[PDB]
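Shown next as structure tokens: one chain only, the form deposited without dideoxy-imino-lyxitol (LDU).
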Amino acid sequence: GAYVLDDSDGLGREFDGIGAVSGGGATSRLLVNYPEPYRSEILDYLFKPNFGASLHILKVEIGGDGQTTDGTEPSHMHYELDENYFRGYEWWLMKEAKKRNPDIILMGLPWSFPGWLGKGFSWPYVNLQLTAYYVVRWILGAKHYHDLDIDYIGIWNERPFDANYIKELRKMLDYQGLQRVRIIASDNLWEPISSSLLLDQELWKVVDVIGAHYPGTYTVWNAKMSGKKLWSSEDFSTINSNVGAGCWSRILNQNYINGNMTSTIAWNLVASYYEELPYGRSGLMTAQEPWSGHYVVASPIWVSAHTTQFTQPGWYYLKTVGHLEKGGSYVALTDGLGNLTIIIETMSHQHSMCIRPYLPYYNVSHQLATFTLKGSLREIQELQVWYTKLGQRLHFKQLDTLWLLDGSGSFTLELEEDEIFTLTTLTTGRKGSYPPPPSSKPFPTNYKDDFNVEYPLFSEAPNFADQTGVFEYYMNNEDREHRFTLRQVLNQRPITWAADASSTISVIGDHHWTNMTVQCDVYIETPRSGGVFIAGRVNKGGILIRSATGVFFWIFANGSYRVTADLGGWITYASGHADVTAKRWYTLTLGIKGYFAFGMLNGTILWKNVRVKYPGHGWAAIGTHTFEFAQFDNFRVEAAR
């Protein structure tokens, strides 16, 4: 009936911000080669204040060279003694975010780790000091090379924590003058971190924030008891259609109302990875075509705005927040300077389903809601109104100011289903706009890369999405014809998060491709035992990369070749002998059309008219038999979709 908003009785919890995750894994892969001005426009829609999603927080993966959901991300230490703070794109992304918003909050979290940290086991807790040293080097590098202050560091994404590790990490941060960096744990479930904090005073002293994943809007009694800030440190992960925006809208309010969570962070920031990879199109917006420049400013962007443009980290929730009588919810926040923001959501069940968890049905229906401002809020006489309707839709439209001149400090709204209203004293709101970008276009049906770039802007060639292993630009001064190549640089399996393949692989192109010719120069670095391949019709990647099928043309340094149906090499289409050895350059060609494939070695037919499964479709790919050095040059693909 009448909902009282008031601060006379005091405040609720401090609001810590809304944000998103870039990483876990390679979710921002295709954004780096967007041409201008589009790359810059996309970044403005995400980070520019008073414009688009206007995010308060950016969480990034600390790449560990393993597969982490939609690809691998490169580490700053591939090997013992190796340090390089210029790989991948997270450094770049953080800098672009800070340029737009100097106050944005930065977080880092490992999903996987380089294998050498395990000292012969696939476990990062064998040598606590060693793993801590690795993580802290990342934070130092961020500051020293990019002028980035990392605000929060996590433990091990969705994997067990070790209490002694957390203590050693704190001691190691302090020893290196990073007393200011805070620790969030354990990026998994509420337990066992929450009970652990209550039983161990020394642990409690070193953990600043309990971050839970996909909590379904709820927390647990032990977490409330700890008195720690509680964050949904990973949530969302739904296709960014109107339904995903509904999900986002609902949890943004209800994480606080139901779960005392004062921050929510969406996986992921922007869908810049091939859509046929796991959880495709699950970013706040979509930017998956750097070749065309086409991007889509999706609904979730504006749902974010309804909160982020009108609140900042450090505002407070009022004690008076709740559910509306006929379904939906409201929160309200102040900054202790006389501003007030109120956010109302009426998302219907059927249009707000998240993947984790699925909620039993609940009812929403038309209702009137009356709000009365008591206490220090009584003196407000004017509120700006912003409105979104989801599903033919209207996004972030500024309505007529509402006036509370009558002296009643009260007002009423007609609420229907699937709406959001933001009512705020702030006058800074803006529906940012750039002109439409170029239309959508398939990946180019003819495509070439000779990797001849002397000072590349990024450490890897555009469009190649590593799914196991790490491929990088490589300069070899001691050769002329292959001075500039692409090289696979892992020499041992990472401490994996996902089930990485046993073979390294990078995919590229159009998952729809069905008939195609792939050609590449290849170079095996390991005598006797080394091997490389080129492939087409590769149908799965990311978390599922082990499952990839397609047509794989392998050559080995012992003078053999195989053609397989799967990355695992369990199904043979053909095999035989070849004039192939280590440390020599060969040109491989692979032609697939309908039921039949053929392979060429240096332009000469090696096998032809081999029967392959059809129909079938997928990416082109290159890679290596195991985690071993190998080089690639002059890649070409001609394909029909």
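The first residue of the sequence shown is number 1, and the count goes up from there.
Note that the form deposited with dideoxy-imino-lyxitol (LDU) bound isn't included here; everything after this is about it.
> Exactly one stretch in 195-203, 232-240, 162-170, 78-86 has heavy atoms within 4.5 Å of dideoxy-imino-lyxitol (LDU) in the deposited bound form; which is it?
It is 232-240 that comes within 4.5 Å of the partner.
> Using heavy atoms only and a 4.5 Å cut-off, determine which of 295, 111, 330, 552 is in contact with dideoxy-imino-lyxitol (LDU) in the deposited bound form.
Spelling it out, the residue with a heavy atom inside the cut-off is 111.
> Which residue, 158, 479, 275, 149, is the contact with dideoxy-imino-lyxitol (LDU) in the deposited bound form, using a 4.5 Å heavy atom cutoff?
That would be 158.
> Wondering, does residue 374 line up within 4.5 Å of dideoxy-imino-lyxitol (LDU) in the deposited bound form on heavy atoms?
Residue 374 lies outside the contact set for dideoxy-imino-lyxitol (LDU).
> Might residue 356 be said to contact dideoxy-imino-lyxitol (LDU) in the deposited bound form, defining contact as any heavy atom within 4.5 Å?
Output for residue 356 is yes: heavy atoms within 4.5 Å of dideoxy-imino-lyxitol (LDU).
> Does dideoxy-imino-lyxitol (LDU) come within 4.5 Å of any heavy atom of residue 24 in the deposited bound form?
Answer yes; at least one heavy atom of residue 24 falls within 4.5 Å of dideoxy-imino-lyxitol (LDU) in the deposited bound form.
> Since only the chain is shown here, I'm wondering whether residue 248 would be in contact with dideoxy-imino-lyxitol (LDU) in the deposited bound form (any heavy atom pair within 4.5 Å).
So residue 248 does not count as contacting dideoxy-imino-lyxitol (LDU).
> Note that dideoxy-imino-lyxitol (LDU) is not shown here; using its position in the deposited bound form, name the residues of 207-232 with a heavy atom within 4.5 Å of it, in sequence order.
Heavy-atom contacts within 4.5 Å come from 214 alone.
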